[PDB]
Amino acid sequence: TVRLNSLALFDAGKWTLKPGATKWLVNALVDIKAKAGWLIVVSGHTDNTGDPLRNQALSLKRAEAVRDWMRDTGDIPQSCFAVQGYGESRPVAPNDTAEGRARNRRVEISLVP
(Lines of atoms letter the chains of each structure in order from A and count residues from 1; the text may use other names and numbers.)
(Lines give C-alpha, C1' and ligand atoms only; values in the text may rest on other atoms or scores of the structure.)
Protein backbone atom coordinates (compact mmCIF):
# COMPACT_ATOMS: atom_id res chain seq x y z
CA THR A 1 0.00 0.00 0.00
CA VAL A 2 1.84 3.15 -1.22
CA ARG A 3 0.24 6.63 -1.22
CA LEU A 4 2.00 9.03 -3.66
CA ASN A 5 1.59 12.77 -2.73
CA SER A 6 2.75 15.17 -5.50
CA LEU A 7 4.76 18.28 -4.54
CA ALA A 8 1.58 20.51 -4.38
CA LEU A 9 2.31 20.29 -0.61
CA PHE A 10 5.21 22.77 -0.87
CA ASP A 11 6.17 25.85 -2.87
CA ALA A 12 9.32 25.60 -5.15
CA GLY A 13 12.41 24.90 -3.02
CA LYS A 14 10.47 24.94 0.29
CA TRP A 15 10.08 22.15 2.90
CA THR A 16 7.21 23.82 4.84
CA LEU A 17 3.65 22.58 4.05
CA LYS A 18 1.70 25.20 2.05
CA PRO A 19 -1.94 26.08 3.17
CA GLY A 20 -3.59 24.18 0.29
CA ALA A 21 -1.86 20.86 1.24
CA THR A 22 -4.39 19.96 4.06
CA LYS A 23 -6.92 18.36 1.58
CA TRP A 24 -4.38 15.67 0.43
CA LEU A 25 -2.87 15.18 3.87
CA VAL A 26 -6.28 14.39 5.39
CA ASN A 27 -7.13 11.59 2.81
CA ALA A 28 -3.61 10.15 3.39
CA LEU A 29 -4.32 10.24 7.21
CA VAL A 30 -7.58 8.22 6.72
CA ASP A 31 -5.54 5.43 4.96
CA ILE A 32 -2.83 5.65 7.73
CA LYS A 33 -5.46 5.39 10.53
CA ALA A 34 -6.73 2.12 8.93
CA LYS A 35 -3.18 0.50 8.86
CA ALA A 36 -1.40 2.34 11.80
CA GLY A 37 -0.56 -1.06 13.44
CA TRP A 38 2.65 -1.47 11.41
CA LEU A 39 5.43 0.89 10.26
CA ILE A 40 4.43 4.14 8.43
CA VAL A 41 7.38 4.79 6.05
CA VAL A 42 7.50 8.40 4.72
CA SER A 43 9.93 8.64 1.71
CA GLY A 44 10.87 11.88 -0.02
CA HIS A 45 11.90 12.09 -3.73
CA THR A 46 12.85 14.78 -6.31
CA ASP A 47 13.73 14.76 -10.08
CA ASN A 48 17.33 15.33 -11.46
CA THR A 49 16.94 19.16 -11.76
CA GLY A 50 19.54 20.67 -9.44
CA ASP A 51 22.37 19.36 -7.29
CA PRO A 52 22.01 15.68 -6.18
CA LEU A 53 23.30 16.45 -2.63
CA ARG A 54 20.86 19.39 -2.19
CA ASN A 55 17.98 17.35 -3.64
CA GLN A 56 18.64 14.44 -1.20
CA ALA A 57 18.63 16.91 1.76
CA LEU A 58 15.45 18.61 0.45
CA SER A 59 13.64 15.24 -0.06
CA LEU A 60 14.34 14.26 3.60
CA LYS A 61 13.17 17.70 4.90
CA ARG A 62 9.93 17.23 2.88
CA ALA A 63 9.39 13.67 4.26
CA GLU A 64 9.99 15.06 7.82
CA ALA A 65 7.34 17.85 7.14
CA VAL A 66 4.74 15.18 6.15
CA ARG A 67 5.59 13.00 9.23
CA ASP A 68 5.32 16.08 11.55
CA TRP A 69 1.81 16.80 10.19
CA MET A 70 0.72 13.13 10.54
CA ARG A 71 2.19 13.01 14.07
CA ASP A 72 0.89 16.37 15.44
CA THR A 73 -2.31 16.94 13.41
CA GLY A 74 -3.18 13.18 13.21
CA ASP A 75 -2.18 12.39 16.86
CA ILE A 76 0.04 9.33 15.95
CA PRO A 77 3.16 8.57 18.11
CA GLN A 78 6.62 9.49 16.68
CA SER A 79 7.61 5.79 17.14
CA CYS A 80 5.12 4.70 14.40
CA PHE A 81 7.15 6.45 11.66
CA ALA A 82 10.28 5.86 9.58
CA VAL A 83 11.40 8.87 7.47
CA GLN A 84 13.77 8.82 4.50
CA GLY A 85 15.06 11.02 1.69
CA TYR A 86 16.09 9.50 -1.64
CA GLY A 87 16.65 12.62 -3.76
CA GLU A 88 16.89 11.68 -7.45
CA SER A 89 17.94 8.08 -6.64
CA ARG A 90 14.49 6.26 -6.96
CA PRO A 91 12.55 7.58 -10.04
CA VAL A 92 9.08 6.26 -11.03
CA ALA A 93 9.48 7.59 -14.60
CA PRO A 94 12.61 8.65 -16.64
CA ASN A 95 13.90 12.24 -16.11
CA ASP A 96 14.47 12.83 -19.88
CA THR A 97 10.86 14.19 -20.10
CA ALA A 98 9.07 17.07 -18.23
CA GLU A 99 6.07 14.69 -17.58
CA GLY A 100 8.55 12.13 -16.15
CA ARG A 101 10.29 14.74 -13.98
CA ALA A 102 6.84 15.82 -12.55
CA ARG A 103 6.04 12.19 -11.61
CA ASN A 104 9.33 11.93 -9.62
CA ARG A 105 8.73 15.02 -7.49
CA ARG A 106 6.73 13.27 -4.76
CA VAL A 107 6.48 12.26 -1.07
CA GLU A 108 5.43 8.58 -0.65
CA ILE A 109 3.68 6.99 2.37
CA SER A 110 4.14 3.22 2.58
CA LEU A 111 1.74 1.04 4.68
CA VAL A 112 1.36 -2.78 4.97
CA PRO A 113 -1.91 -4.59 4.06
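For what it's worth, the deposited numbering labels the leading residue of the sequence shown as 2, then goes sequentially. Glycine included, each C-beta is placed from N, C-alpha and C at the ideal position.
Self-check item: Contact belief for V108 with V42 at Cβ below 8 Å, rounded distance in angstroms
Solution: Along the sequence shown, one-based indexing puts residue 108 at 107. Along the sequence shown, one-based indexing puts residue 42 at 41. Their Cβ separation, rounded to whole angstroms, is 11 Å, which puts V108 and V42 out of contact at 8 Å.
Quiz prompt | Whole-angstrom distance between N6 and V93, CA atom to CA atom | solution = On the sequence shown, residue 93 is found 92 positions in, with the first residue counted as 1. On the sequence shown, residue 6 is found 5 positions in, with the first residue counted as 1. In a straight line, the C-alpha of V93 is about 13 Å away from that of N6.
Practice problem: Put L5 into one of helix, strand or coil per three-state DSSP. | Solution: The sequence position of residue 5 within the sequence shown is 4, counting from 1. If DSSP states are grouped into helix, strand and coil, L5 belongs with the strands.
Quiz prompt | C-alpha gap between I110 and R72, whole angstroms | solution = Position 109 of the sequence shown, counted from the first residue, corresponds to residue 110. Position 71 of the sequence shown, counted from the first residue, corresponds to residue 72. Between the C-alpha atoms of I110 and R72 there is a straight-line separation of about 13 Å.
Exercise. Determine the DSSP secondary structure at residue 177, reduced to helix, strand or coil.
Key: Nothing in the structure corresponds to residue 177, since the chain is present only between 2 and 114.
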